[PDB]
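J.: Sending over a structure as structure tokens; questions will come in a sec.
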Amino acid sequence: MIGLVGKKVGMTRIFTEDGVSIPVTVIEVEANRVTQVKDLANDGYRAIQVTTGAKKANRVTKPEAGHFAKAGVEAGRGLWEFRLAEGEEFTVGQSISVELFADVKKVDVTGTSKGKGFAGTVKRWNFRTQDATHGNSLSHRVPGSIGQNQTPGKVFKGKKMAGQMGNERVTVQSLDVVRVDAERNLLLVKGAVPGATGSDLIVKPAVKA
Amino acid sequence: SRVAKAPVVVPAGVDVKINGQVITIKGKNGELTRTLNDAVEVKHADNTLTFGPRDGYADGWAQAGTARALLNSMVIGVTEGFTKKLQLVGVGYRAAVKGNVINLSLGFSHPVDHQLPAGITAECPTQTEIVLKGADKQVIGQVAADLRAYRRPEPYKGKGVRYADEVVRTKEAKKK
Amino acid sequence: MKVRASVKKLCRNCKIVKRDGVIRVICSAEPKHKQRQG
Amino acid sequence: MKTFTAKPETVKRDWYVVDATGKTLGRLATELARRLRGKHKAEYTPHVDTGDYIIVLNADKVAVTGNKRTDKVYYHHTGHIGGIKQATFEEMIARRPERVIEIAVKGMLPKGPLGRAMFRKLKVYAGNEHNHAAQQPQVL
RNA sequence: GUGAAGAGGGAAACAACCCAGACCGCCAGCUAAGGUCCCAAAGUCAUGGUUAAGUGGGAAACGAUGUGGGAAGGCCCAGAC
RNA sequence: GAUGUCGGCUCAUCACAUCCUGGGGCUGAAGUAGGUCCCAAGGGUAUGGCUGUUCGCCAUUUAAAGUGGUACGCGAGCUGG
RNA sequence: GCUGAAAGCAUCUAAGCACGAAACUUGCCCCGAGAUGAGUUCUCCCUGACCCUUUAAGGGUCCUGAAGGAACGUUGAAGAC
Ligand SMILES: [Mg+2]
Ligand SMILES: [Mg+2]
Ligand SMILES: [Mg+2]
Ligand SMILES: [Mg+2]
Ligand SMILES: [Mg+2]
Ligand SMILES: [Mg+2]
Ligand SMILES: [Mg+2]
Ligand SMILES: [Mg+2]
Ligand SMILES: [Mg+2]
Ligand SMILES: [Mg+2]
Ligand SMILES: [Mg+2]
Ligand SMILES: [Mg+2]
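Residue numbers (the numbering used here), protein chains in the order written: chain B, 1 to 209; chain A, 1 to 176; chain X, 1 to 38; chain D, 1 to 140.
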């Protein structure tokens, strides 16, 4: 229900003396429907849209054929919405970078968390510690595992044993958008935004309510 | 025995009808139906109606009483037009109507508007009185309380919308 | 107050004590007084 | 020598469309179960495969017992502890009535491999003559 | 009396409890205890009655116009409830 | 022919006879605050002084500083008072 | 709480209806078709000859080898591998 393009760095807009404003400025070029899912066939509602167009000279055939209407055009990713009334485009019939959000609404940036990698019980969950007075073997690190005793230890498949942090999605949810820039598509948000450099990102509407 | 039920006239307007179980009545008032239980076997000669218990089963015989009465009320409702009124007491308390939305200014920060179901309107002869009235006695009852319920009378005073009959004078003397 | 087991019913105007087993002595028709199931 | 019982691999595929579109629940299950194992037995034997395909229509309708419509849970317990332990009543079965009946008809199976790959010969379906494609071609 | 020093069938599982004492072999019959809707062998058996709580399928004092049956009484078609 | 004690740390998981918060009935319930009983386990549920303490008393917080089961949870995880 | 029998009344229950909490189902975020019940939709690629069998089961040779995948290399806000 709104384009989705990569972000790049974050800034500050100081006027009237906020400066607190920590813009994310995540460029959102053209979208282009490319496909329109519907009731009969395609399954549910939905409405694909590849809000990109990065020159992809070398691409596998099926995707290179995945386009079909007027200009053709090619991108890479491929999202969609659901209920609405979006066009029947292909990578033709541009959507817009100025989705209908008026000027003061909260967006819902969605990206993939950075990736720490394998991480201890110390970093994964703030529950860990241990002291330094003695027994340096189990220093301020290793936990004291699943309690219980004779209960064979079904370990209750959780606690927080060390494991990689993941890159999993995040969806900050609720973020008032400050600027958009109709033609110089950037759209600034207020801090947050997961991932780095130029992760795909999604930037939904305002479902958070 | 000492109780039962047998009478149920069908004067003018009384256009009762039965569809196996269903019973739709008509008249000066409105269109009210009420499919009774299953065993139920009600009919109509020319004037008297009569419930029909498939047989003398415990939960089958008494099922007649509650039935020979419900339909009867349907007739008494369709011909007379049911009324019931409550009164509001307490400073600030007011009354008002605008078709359905019976705006109510009881004692909260902001007033409200109880939208009454269809078949029963209401009129505030004054900012203190509210008189609901409709056909089906059912929606009548619930809305009768659904309204006063917006502020039940408290003993110490009595304030709060009350039925225009509620014996409750006031409290039992206070204390601590 | 609303008891758990059964403290009889006492008084005269108390509820018919009929329903889903509701005893509690009190004597309804006591605009304020009302010792019962709760 | 003498001689067996003959139930090689058999072959009695079927299409029996057990509608059970009404008050037939509970006990009704036994027939869907027994007709799955082969009760009349044209040749069958409790031990050979073949559930003898059946199709229970509607299903989303059953008078149930005398009151287990509002009073009986199923109880599943997921797996991830946290003592979640799921519980749902019957009148609470509005998202997938098809589930039930199939649930009931189960357990009454030999329990294990044979009776396990024998359940599918039911086809849930909660909406009378619909997507009868499960075997649209032939039936009974 | 049984187990110990006893196997088989039953009580879900269960040395001792119920049935019952395994010389071998049998794709042959009748029974015991216990059972016959499915798992799971055999009555979705019949004649009648109880229950409506899933009682059956855990637990007392005591409580209650639940509902079944039997007997005796108080007022009352000079009219009771 | 070895099932390592109490307390602490770490990290817990469940019960409900609920401490806080949520919804109610009565009150010797004006209000505010309470008393008690019913319902309710979503989530939450203190830092220190003294002592090995658990606990406790004390200082000061808090919406509150719950009771209990888990080999009086937790040493092939730490400590060793 | 409405309406209302059994029980002429009355009665929140027996039929039927109406409210009603951080509990329950959902709403929000993540995983998620090995969902073997392995689902859906869109797009891409392959249309050369013969033989022996115990012939509908195949077994086998030459000519072909696409879409794609992988391999290698330069690497990464990705990572123990
Ligand atoms: Mg050491
Ligand atoms: Mg185990
Ligand atoms: Mg078995
Ligand atoms: Mg010995
Ligand atoms: Mg015999
Ligand atoms: Mg059998
Ligand atoms: Mg029981
Ligand atoms: Mg409790
Ligand atoms: Mg302390
Ligand atoms: Mg211990
Ligand atoms: Mg050690
Ligand atoms: Mg020491």
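Yeah, the Cβ is synthetic: ideal placement off N, Cα and C, and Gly gets one too.
Could you tell me the alpha carbon to alpha carbon distance between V73/D and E129/D, rounded to whole angstroms?
T.: 29 Å
J.: Do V131/A and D113/A have their beta-carbon atoms positioned less than 7 Å apart in this structure?
T.: no
J.: Return yes when the C-beta of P152/B is under 6 Å from any heavy atom of ligand 2, and no when it is not.
T.: yes
J.: What in chain D is Cβ-close to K154/B, meaning under 9 Å?
T.: Under the 9 Å cutoff, chain D gives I81.
J.: Roughly how many whole angstroms lie between the Cα atoms of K116/B and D200/B?
T.: 18 Å
J.: State the start and end residues of the unbroken beta strand (DSSP E) segment that holds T66/A.
T.: From DSSP, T66/A is part of no beta strand (DSSP E) but of the alpha helix (DSSP H) over 58-80.
J.: Going straight from the alpha carbon of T88/D to that of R99/D, what length do you get?
T.: 12 Å
J.: To which residues does DSSP link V107/B through a beta bridge?
T.: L175/B
J.: From the DSSP secondary-structure annotation, give me the bridge partner or partners of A118/A.
T.: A118/A is not bridged to any residue.
J.: Given that a residue counts as buried once 16 or more other Cβ atoms are within 10 Å of its Cβ, and exposed if not, what is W61/A?
T.: exposed
J.: Flag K32/X as yes if its beta-carbon sits less than 7 Å from any beta-carbon of chain A, otherwise no.
T.: yes
J.: Tell me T24/A's beta-bridge partners as DSSP assigns them.
T.: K17/A, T33/A
J.: Once you ignore the five residues that flank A29/D on each side, which residues in its own chain have a CB closer than 8 Å to its CB?
T.: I101, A104, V105, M108
J.: So does the segment 20-31 of chain B actually touch the segment 82-97 of chain B, counting three or more Cβ pairs closer than 8 Å?
T.: yes
J.: Output, in chain order, the set of chain D residues within a Cβ distance shorter than 8 Å of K157/B.
T.: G79, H80, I81
J.: Can you look up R27/D in the DSSP assignment and give me helix, strand or coil?
T.: DSSP places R27/D in helix when its eight states are reduced to three.
J.: Can you tell me whether DSSP reads residue 170/D as helix, strand or coil?
T.: The first residue shown for chain D is 1 and the last is 140, placing residue 170/D beyond what the model contains.
J.: Report yes or no: is there a C-beta of chain X within less than 7 Å of the C-beta of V89/A?
T.: no
J.: Could you tell me the alpha carbon to alpha carbon distance between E166/A and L49/A, rounded to whole angstroms?
T.: 35 Å
J.: Buried or exposed for residue 255/B, please, with buried defined as at least 16 other CB atoms from any protein chain shown within 10 angstroms of its CB.
T.: In the structure as shown, chain B begins at 1 and stops at 209. Residue 255/B is therefore absent and cannot be evaluated.
J.: Give me whichever residues DSSP pairs with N103/A in a beta bridge.
T.: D113/A
J.: Does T3/D pass the burial test, meaning 16 or more other C-beta atoms within 10 Å, or should it be called exposed?
T.: The Cβ neighbour count for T3/D, taken over all protein chains shown within 10 Å, is under 16; the residue is labelled exposed.
J.: Is there contact between the segment 15-24 of chain B and the segment 57-67 of chain B, where contact requires at least three CB pairs shorter than 8 Å?
T.: no
J.: To the nearest angstrom, report how far apart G44/B and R169/B are at their CA atoms.
T.: Answer to the nearest angstrom: the Cα atoms are 23 Å apart.
J.: Beta-carbon within less than 7 Å of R12/X's beta-carbon, same chain only, minus the 5 sequence neighbours each way: which residues are those?
T.: Same-chain partners within the cutoff: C27.
J.: Starting from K157/A, trace the alpha helix (DSSP H) in both directions and tell me its first and last residue.
T.: No alpha helix (DSSP H) holds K157/A; DSSP gives it neither H nor E.
J.: So, does the CB of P155/A fall closer than 7 Å to a CB anywhere in chain X?
T.: yes
J.: Report the CB separation of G191/B from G10/B in whole angstroms; it is logged as a contact under 8 Å.
T.: 7 Å
J.: Report the rounded CA-to-CA distance for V16/A versus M1/B, giving the unit in angstroms.
T.: 56 Å
J.: Given a cut-off of 7 Å, decide if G38/X and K2/X are closer than it, judged by their beta-carbon atoms.
T.: yes
J.: Going along chain X, which residues have a C-beta under 8 Å from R169/A?
T.: Among the residues of chain X, those whose CB is under 8 Å from the CB of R169/A are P31, following chain order.
J.: Nearest by alpha-carbon distance to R13/D: which of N131/D, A126/D, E31/D, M118/D is it?
T.: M118/D
J.: Please determine, among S105/A, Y93/A, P53/A, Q87/A, the residue with the shortest C-alpha to C-alpha distance to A4/A.
T.: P53/A
J.: Any beta carbon from chain X within less than 7 Å of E41/A's own beta carbon?
T.: no
J.: Taking its Cβ as the centre, do 16 or more other Cβ atoms sit within 10 Å of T65/D, making it buried, or is it exposed?
T.: When all chains shown are included, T65/D counts as exposed.
J.: Hey, out of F68/B, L188/B, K123/B, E99/B, whose CA is closest to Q36/B's CA?
T.: When only C-alpha atoms are compared, the closest one is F68/B.
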